[PDB]
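What follows is a single chain, given as structure tokens, in the form deposited without this ligand.
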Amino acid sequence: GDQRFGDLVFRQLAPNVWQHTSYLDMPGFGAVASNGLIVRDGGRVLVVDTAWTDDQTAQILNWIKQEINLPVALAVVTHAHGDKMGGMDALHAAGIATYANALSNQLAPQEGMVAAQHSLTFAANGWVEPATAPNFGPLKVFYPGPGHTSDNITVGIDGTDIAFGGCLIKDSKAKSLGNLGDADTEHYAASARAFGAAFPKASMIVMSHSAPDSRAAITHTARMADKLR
């Protein structure tokens, strides 16, 4: 099913929703896939997450030009690590307005990333403060608490069965929680469960480093996270 386009892979998940996948060759971990999303909302496109690098992110935009040929109205990036924010300059060179958690933008420089141009803030229940998320279309942005990182956010796609956990969530057969270098080991389990609770009807869980899975990804991730505390 998957479309190969240069060194990236694109898979349609639902009407109007595609998964983008990019790779980085890192001894110790093989060629590491990272996934994000592309959403068509009528006459515009929305992107969730960059690729690892600026060049790869430019290739995402080239795939969008070829396959959709509509403007990319905005991108939201789900925390300040390179698999999610490595390509910010490519977005900015393309004139795309970029959004991230306020805390991601503050952490971006120390993580070697370029901040998004706009900051999202969150209400006490975890839902994005509306004034900070203009024109988000079907993207429903939720801060579940600290986990994979302090700043990690998640995104549901209204009108679909899809919720994106980014690097917070691992698939139901995952043998570890992957990169824990910036993790909050105390709060991870709860944050994973809060993601699930925010998007109860989402039966397709999309994530950064596994193929899409059932909601067993959420329960399994949270059980792996229980053991870090």
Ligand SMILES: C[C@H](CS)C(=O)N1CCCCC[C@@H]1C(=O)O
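Residue indices: 1-based, along the sequence shown.
The protein also exists as the form solved in complex with this ligand; that form is not presented, and the subsequent description refers to it.
For the form shown, open or blocked once this ligand is overlaid as positioned in the bound PDB entry, with the cut-off of 3 or more ligand atoms within 2.4 Å of backbone or C-beta atoms?
After C-alpha superposition the pocket is blocked.
Would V45 sit within 4.5 Å of this ligand in the bound PDB entry, counting heavy atoms only?
No - in the bound PDB entry, heavy atoms of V45 and this ligand never come within 4.5 Å of each other.
I'd like to check something about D151: if you look in the bound PDB entry, is any of its heavy atoms closer than or equal to 4.5 Å to a heavy atom of this ligand?
Contact with this ligand, no.
If you check in the bound PDB entry, is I68 within 4.5 Å of this ligand, heavy atoms only?
Because no heavy atom of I68 falls inside 4.5 Å of this ligand in the bound PDB entry, the answer is no.
Consider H209 of the chain shown here, and say whether it contacts this ligand in the bound PDB entry, taking contact as heavy atoms within 4.5 Å.
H209 belongs to the contact set for this ligand.
Quick check for you: of 191-199, 176-184, 37-45, 156-164, which stretch puts a non-hydrogen atom within 4.5 Å of this ligand in the bound PDB entry?
Of the options, only 176-184 has residues within 4.5 Å of the partner.
Quick one: name the residues from 49-72 with any non-hydrogen atom within 4.5 angstroms of this ligand in the bound PDB entry.
Contacts from 49-72: just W52.
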